[PDB]
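Single chain ahead, written as structure tokens, the form deposited in one PDB entry.
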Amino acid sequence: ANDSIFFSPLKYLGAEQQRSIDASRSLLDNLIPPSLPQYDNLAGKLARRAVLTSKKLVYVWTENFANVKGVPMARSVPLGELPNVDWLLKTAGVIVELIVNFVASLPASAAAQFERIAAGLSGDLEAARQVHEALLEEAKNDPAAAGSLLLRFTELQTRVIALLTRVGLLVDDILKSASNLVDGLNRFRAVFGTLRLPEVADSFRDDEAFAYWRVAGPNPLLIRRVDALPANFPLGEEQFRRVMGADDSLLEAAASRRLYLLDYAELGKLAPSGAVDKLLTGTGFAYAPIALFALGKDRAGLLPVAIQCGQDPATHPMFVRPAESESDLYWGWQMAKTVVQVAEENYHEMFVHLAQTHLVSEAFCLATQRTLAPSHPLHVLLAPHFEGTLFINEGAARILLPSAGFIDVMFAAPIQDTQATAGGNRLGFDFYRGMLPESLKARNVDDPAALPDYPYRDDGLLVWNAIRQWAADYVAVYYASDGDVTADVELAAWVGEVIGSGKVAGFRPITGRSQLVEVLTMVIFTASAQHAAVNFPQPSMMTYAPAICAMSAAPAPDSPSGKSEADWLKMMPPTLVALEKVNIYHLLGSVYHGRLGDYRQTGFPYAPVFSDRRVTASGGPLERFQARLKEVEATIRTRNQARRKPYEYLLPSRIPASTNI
């Protein structure tokens, strides 16, 4: 029953209007000069306490989010946290391109079901792009009336959101008929279509290339120096010398800091004990192997020495690097290296990428929005580093993590085991122990003289140190002493929410400036640099199934001797896994939205992030950071000229500011 006078506002307020209201209000609230709560006046203190109260209604913690139980998540994505037009157009462009490529590879009869819908999505996307360009053209022609254009930018966001919703329906329909739509490695090339194969497709079988994944691949975090081999990896002196030459020894290589180990023990349930039979993918296997790598005396390149396909040496024979002439050991070796790569996609995707970047930044985004006022300088600094993070994480949980989803198809373990393991790893990830300088130190991979070719370390420290100086300079503008740090009630509440609801292991009270600098560096590096280094290798290193796959269709090799090409081929996944792998990995590594150090809004009007003149001064803190980034960029390009293969993931021009893909 109605119509009541009190229902008068409700008649015309929609989500679109509310997005426009909020966007215009988000430029107005930026005019407020940033201040620490203790330095704000009474009026300022009251307003910020009222905003934070209303922020807690919108940004709500949950540990019961679908498909990610136990992981602190946002109950829902706020209106203002949906991706801006610029992110949506880029992402829709890649997805439409991929759908068009997939449908073109389908037999005409099977393609007939999707070709008309995909071409309509292509025309509509191009029309939406022409609207964005035309809006940008109007803004340049009349900058005074740019504020009045905001409404037409919101209408385009609604348009691209509706287009991506239609894209979502088409994907569902393609996947609903997935199994029915489905050298020996020809099926692995065929899934690409018009897309060119990555560099790995030609180099993967090479022993040096395989070892190089440990230092310049998507997972550069697990490799460690080994001083004495573990009791569960019984590689003997004679076996070592057979690979390393008659004049080398295990004891001297260990003392001369030349021995490096990959141990996948932490995979737990991501490495099932045996066969895992699934409806869509048949019988799947994944592993927790141990692998030994060594540097020669000259330390030229890292070489694979030995592989054990599991934790128990009693049930897992020792596979040793064979000679060009040892024909009878050739295939067993390719199978053992395939076991490491299977373990690698599981460890990289679920821990290094999913748990350690995405799911960590989820917690810091929520804590920032709930406890640091929009006028707080730490909020101003951190908010660009969380752009699109809540949205992309909700997508991982709802789109990638359900039963019969991409991860259920691509990763061997039962889907519940995958969710619980990825989740468990995130809860266990120590904030302080996970810092680049600390990770290098703990693993004894920090010394360039001991291990020269380690691109992630060298390029990573350049970015890490550039960020710490920026954070040190920024903190210094607002905190004149350690007293200002402890007297900050918002920062204190931010710490309390990170430890408590945030469940970030190792996080502790922030009692001073230096500590606040290290915390900020880790938060910013994790959201930007660390995410870029582990996400952007996905198209060039992970799209081709024979080079890496999170599931194998046959058990680990049972013997180093007597294996054949057919035995190794039996490990290759079914076509559906390869199909999903090429499409998801190209998508995830093709969207570069925002850039580290830019500090401008990534959506119209693209206004500066900082209004404080002390931050934005000529030669000031912000300019110095941007200039240091261009120096780091030039240093890396010089290093890549001398490297065996260019490592380009940590080039600052390729680092987005946030985790948004």
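Think of the rigid core as the biggest set of C-alphas that the two forms share within 1.5 Å after superposition. Quick note: we count residues from 1 along the sequence shown, nothing fancier.
Q) When you step from residue 182 to residue 183 in this entry, do you jump over none, 1 to 3, 4 to 9, or 10 or more residues of the deposited sequence that have no coordinates? A) Missing residues, residue 182 to residue 183: 4 to 9.
Can you tell me whether 316-324 has a higher mean C-alpha B factor than 566-574 in this record, or the other way round? Mean CA B-factor is higher for 316-324.
query = Going by the B-factors listed in the PDB entry, is the mean over the C-alpha atoms higher for 270-278 or for 447-455?
reply = It is 447-455 that shows the higher mean C-alpha B-factor.
Please pick out which of 632, 60, 596, 27 has the largest Cα B-factor as recorded in the entry. Within the set 632, 60, 596, 27, 27 shows the top C-alpha B-factor.
Quiz item: Based on what the PDB entry reports, which of 422, 92, 442, 111 has the top C-alpha B-factor?
Solution: Max CA B-factor in the entry, restricted to 422, 92, 442, 111: 442.
- Pull the Cα B-factor of residue 603 out of the PDB entry and bin it into the chain's lowest, middle or highest third. Ranked within chain, residue 603 CA B lands in the lowest tercile.
(request) Comparing against every modelled residue in the chain, figure out the third that the C-alpha B-factor of residue 263 lands in (lowest, middle or highest). (result) Middle third.
Using the B-factors in the PDB entry, rank residue 211's C-alpha atom against the chain and give the third, lowest, middle or highest.
-> Its C-alpha B-factor, which the entry lists for residue 211, ranks in the middle third among residues of this chain.
Could you tell me which third, lowest, middle or highest, the C-alpha B-factor of residue 308 occupies within its chain?
For residue 308, the deposited C-alpha B-factor lands in the middle third.
ask   = Once the chain's modelled residues are ordered by C-alpha B factor and cut into thirds, is residue 158 in the lowest, middle or highest one?
value = Middle third, going by the recorded CA B-factors of the chain.
The form deposited in another entry exists for this protein as well; it is not shown, and the discussion that follows is about that form.
ask   = Hey, after the core superposition between the shown form and the other one, which of 566, 275, 489, 134 has the C-alpha moving 2 angstroms or more?
value = So the residue whose C-alpha moves 2 Å or more is 134.
Superposing on the rigid core, does the Cα of residue 308 end up 2 Å or more away between the shown form and the other one?
-> No; residue 308 is a residue whose C-alpha shifts by less than 2 Å between the shown form and the other one when the cores are overlaid.
Taking the rigid core as reference, does the Cα of residue 224 move 2 Å or more between the shown form and the other one? Superposed on the core, residue 224 moves its C-alpha less than 2 Å between the shown form and the other one.
_My question is whether residue 144 is one of the residues whose C-alpha shifts by 2 Å or more between the shown form and the other one, given a fit on the rigid core._
Superposed on the core, residue 144 moves its C-alpha 2 Å or more between the shown form and the other one.
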